[PDB]
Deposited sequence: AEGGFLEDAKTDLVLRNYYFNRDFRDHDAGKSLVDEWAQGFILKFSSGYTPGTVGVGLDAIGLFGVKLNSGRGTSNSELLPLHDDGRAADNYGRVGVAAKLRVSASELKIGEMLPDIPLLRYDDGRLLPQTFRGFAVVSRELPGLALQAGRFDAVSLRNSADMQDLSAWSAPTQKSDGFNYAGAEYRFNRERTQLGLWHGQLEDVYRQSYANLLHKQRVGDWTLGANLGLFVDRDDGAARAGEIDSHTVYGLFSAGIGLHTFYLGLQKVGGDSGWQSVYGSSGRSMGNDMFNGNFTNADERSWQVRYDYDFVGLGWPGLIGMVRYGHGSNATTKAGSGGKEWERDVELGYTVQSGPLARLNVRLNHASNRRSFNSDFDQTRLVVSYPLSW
């Protein structure tokens, strides 16, 4: 039922951000999600809403929008609604939403999430197979209260009438393997095709995983961001045992151009994605090593750590070719497991970025999040 199965989730997010090239930002966010149930019947009808509000505290960062003078706003926010309609094992949503698909990953790396306006269909009528398609015609950046036309990261000022997509994922092999094929079009800017293989296999105490991906990009229509021809391949491999996980990522961009994506979106579909980049400059070859540990092994349940290092070379940028870069990320995340503060999450992380072709910097973040649900 519409009211029966309705859930309300509120996240309080206190976010401290520092980048030393020392510049600083501190802010408080509120993210309110109201998700109804569905009316009973052949066509079920529902409504989702999202409320976003951020407040500047005394002190990228992209935590808050900037005034024209370059001064961060005191506060910002917006409210979005989406209607939902369900039939059998298929759903259509229309309005404002948070798309999380391989060709369009909504960003939530700062204070409030990026949202999009459009429609999205997910259909699971045949066992193991999920079909998706949709179109988004406006976007609100993570650091903006407003909606604007979409554009590509490679030319953020060149606007498009919208982003269309369709894709399929098939999961099989006792749920261990998944294949994905996706096609997207940012109208008059670029078209992108993507294939993905996910696989996991247990060898004794080890869990071995692979995430292989291939993107192929070209300009579309009027080609407002210029001519584009790119392909990007990555393989991200994991080996887990007990409380430990090890990763090796390998990636290469080829062709005339870098890898394409929608401006403001997250780079997290890419194998070597890290906090401050994903090594997708034209021609760039990169590798990554990563280690994760679950500190329950030291009597600290709820504490998890990650360290990762990535290096890229052969990078072509406007300035020149043969560019090199590296990033090192470290994170400790703690989630309170029990007591009055249960579910409270504290994440502390640090990134160091060095680039032969751009500015070097270190970055420190502390994010304290508390979820309430009723």
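Undergrad: Take the full deposited sequence, match it to the modelled residues, and report the stretches without C-alphas.
TA: Going by the record, the segments left unmodelled (no C-alpha atoms) fall at 1 to 3, 25 to 32, 71 to 75.
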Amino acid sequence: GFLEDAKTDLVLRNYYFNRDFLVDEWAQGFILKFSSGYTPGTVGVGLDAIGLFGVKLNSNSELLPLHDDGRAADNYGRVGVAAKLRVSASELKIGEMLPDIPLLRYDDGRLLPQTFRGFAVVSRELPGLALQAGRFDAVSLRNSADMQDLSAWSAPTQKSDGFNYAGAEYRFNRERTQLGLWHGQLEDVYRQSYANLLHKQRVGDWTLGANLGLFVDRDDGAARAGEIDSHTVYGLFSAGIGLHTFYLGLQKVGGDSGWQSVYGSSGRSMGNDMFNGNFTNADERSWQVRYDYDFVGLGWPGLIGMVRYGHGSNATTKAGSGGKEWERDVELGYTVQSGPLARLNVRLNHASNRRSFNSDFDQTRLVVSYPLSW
From here on, numbers count along this sequence of modelled residues.
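Undergrad: If you average the CA temperature factors over each stretch, which comes out higher, 130 to 138 or 173 to 181?
TA: It is 173 to 181.
Undergrad: Regarding 84 to 92 and 186 to 194, which shows the higher C-alpha temperature factor on average in the entry?
TA: In the deposited entry, the stretch with the higher C-alpha B-factor mean is 84 to 92.
Undergrad: Whose C-alpha has the highest temperature factor in the PDB entry: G320, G305, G70, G312?
TA: The C-alpha B-factor peaks, among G320, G305, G70, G312, at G70.
Undergrad: For the listed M147, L150, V203, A239, which has the peak Cα B-factor recorded in the PDB entry?
TA: If I rank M147, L150, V203, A239 by C-alpha B-factor, first place goes to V203.
Undergrad: Give the position of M270 by CA B-factor within its chain, expressed as the lowest, middle or highest third.
TA: Answer is lowest: the recorded C-alpha B-factor places it there.
Undergrad: Lowest, middle or highest third: where is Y165 by C-alpha B factor in its chain?
TA: As the PDB entry reports it, the C-alpha B-factor of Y165 lands in the lowest third of its chain.
Undergrad: Would the CA B-factor of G255 place it in the lowest, middle or highest third of its chain?
TA: Answer is middle: the recorded C-alpha B-factor places it there.
Undergrad: Divide the modelled residues of the chain into thirds by Cα B-factor and specify which third, lowest, middle or highest, holds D329.
TA: It belongs to the lowest third of the chain when residues are ordered by C-alpha B-factor.
Undergrad: Comparing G213 with the other modelled residues of its chain, is its CA B-factor in the lowest, middle or highest third?
TA: Tercile = lowest for this residue's CA B-factor.
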